[PDB]
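Contents: one structure, followed by commentary.
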Amino acid sequence: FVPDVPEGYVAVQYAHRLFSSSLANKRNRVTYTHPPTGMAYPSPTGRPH
Amino acid sequence: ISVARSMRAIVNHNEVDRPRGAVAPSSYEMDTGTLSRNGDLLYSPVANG
């Protein structure tokens with residue numbers, strides 16, 4: 001039962017260089033840079049889907 | 001002097017795309033060009049012909 005991908009989920013294809021290493025308010029969180037927009041995301045929550 | 005050297009400072013900051021002092025390797029350091037029918041060791045041609 002391959003659950004199909006939802007509605008708004010956008011397809012950032014995992015490359016290797018959009019998972020860098022910024023500083024989100026006092027640590028060196030691993031951070032994701034969404035590719036359809038530019039935004040950071042320095043912690044895995046409320047990302048972009 | 002810094003004469004014999006290739007790379008410097010392999011690291012990434014919290015925020016910047018490179019720590020401003022880093023030297024990438026040499027494009028000529030990675031390059032295997034073949035050897036000819038005379039022992040040569042050519043580089044890989046900037047080509048086309």
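Each chain in the structure tokens gets a letter, A, B and so on, in the order shown; residues start at 1 in every chain, and ligands are counted from 1 in the order they appear.
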
Legend entry - Proximal residues of chain A relative to chain B (only C-alpha atoms; 7 Å) as an MDAnalysis selection string: chainID A and resid 21:23 28

Those same residues, written as a short mmCIF file (atom, residue, chain, number, x, y, z; two decimals), in the first residue's frame with N, CA, C and O atoms?
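Everything below was put into selection-v8.cif:
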```
data_model
loop_
_atom_site.label_atom_id
_atom_site.label_comp_id
_atom_site.auth_asym_id
_atom_site.auth_seq_id
_atom_site.Cartn_x
_atom_site.Cartn_y
_atom_site.Cartn_z
N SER A 21 25.05 24.14 6.97
CA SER A 21 25.30 24.19 8.36
C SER A 21 25.26 25.49 9.14
O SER A 21 26.07 25.71 9.93
N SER A 22 24.24 26.31 8.99
CA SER A 22 24.06 27.58 9.69
C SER A 22 23.93 27.67 11.22
O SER A 22 24.04 26.74 11.91
N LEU A 23 23.64 28.86 11.73
CA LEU A 23 23.57 29.07 13.16
C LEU A 23 22.29 29.66 13.55
O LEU A 23 22.17 30.82 13.56
N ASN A 28 24.63 25.05 15.98
CA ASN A 28 25.01 24.86 14.65
C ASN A 28 24.09 23.90 14.07
O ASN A 28 24.51 22.88 13.59
#
```

Legend entry - Nearest-residue call for residue 48 in chain A, choices A:15, A:8, A:31, A:25, using only C-alpha atoms: A:8

Legend entry - Contact residues around residue 36 in chain A with only C-alpha atoms at 9 Å, ignoring same-chain residues under 2 positions, as a ChimeraX atom specification: /A:10-12,34,38-39

Take the residues just selected and output them with N, CA, C and O atoms as a PDB file, in the first residue's frame.
```pdb
ATOM      1  N   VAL A  10       5.856  19.434  -2.378  1.00  0.00           N
ATOM      2  CA  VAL A  10       6.672  19.891  -3.499  1.00  0.00           C
ATOM      3  C   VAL A  10       7.883  19.052  -3.683  1.00  0.00           C
ATOM      4  O   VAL A  10       8.513  18.787  -2.740  1.00  0.00           O
ATOM      5  N   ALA A  11       8.311  18.787  -4.885  1.00  0.00           N
ATOM      6  CA  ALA A  11       9.361  17.817  -5.019  1.00  0.00           C
ATOM      7  C   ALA A  11      10.879  18.084  -5.003  1.00  0.00           C
ATOM      8  O   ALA A  11      11.548  17.583  -5.855  1.00  0.00           O
ATOM      9  N   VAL A  12      11.433  18.752  -3.985  1.00  0.00           N
ATOM     10  CA  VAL A  12      12.853  18.994  -3.859  1.00  0.00           C
ATOM     11  C   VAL A  12      13.510  17.702  -3.890  1.00  0.00           C
ATOM     12  O   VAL A  12      13.173  16.868  -3.152  1.00  0.00           O
ATOM     13  N   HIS A  34      15.205  25.347   1.118  1.00  0.00           N
ATOM     14  CA  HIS A  34      14.245  24.907   0.170  1.00  0.00           C
ATOM     15  C   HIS A  34      14.584  25.495  -1.186  1.00  0.00           C
ATOM     16  O   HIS A  34      14.966  26.646  -1.241  1.00  0.00           O
ATOM     17  N   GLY A  38      14.058  29.655  -1.546  1.00  0.00           N
ATOM     18  CA  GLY A  38      15.181  30.319  -0.936  1.00  0.00           C
ATOM     19  C   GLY A  38      15.285  30.181   0.546  1.00  0.00           C
ATOM     20  O   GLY A  38      16.359  30.095   1.044  1.00  0.00           O
ATOM     21  N   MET A  39      14.173  30.119   1.231  1.00  0.00           N
ATOM     22  CA  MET A  39      14.147  29.982   2.679  1.00  0.00           C
ATOM     23  C   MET A  39      15.085  29.002   3.388  1.00  0.00           C
ATOM     24  O   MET A  39      15.328  27.968   2.909  1.00  0.00           O
TER      25      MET A  39
END
```

Legend entry - Atom-to-atom span, CA of residue 3 in chain B and CA of residue 20 in chain B, Å: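 Interatomic distance, CA of residue 3 in chain B to CA of residue 20 in chain B: 18.8 Å.
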
Legend entry - Å distance separating CA of residue 47 in chain A from CA of residue 10 in chain B, one decimal place: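 One can read the CA of residue 47 in chain A to CA of residue 10 in chain B distance as 29.0 Å.
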
Legend entry - Two-atom distance - CA of residue 13 in chain A, CA of residue 27 in chain A (Å): 26.6 Å
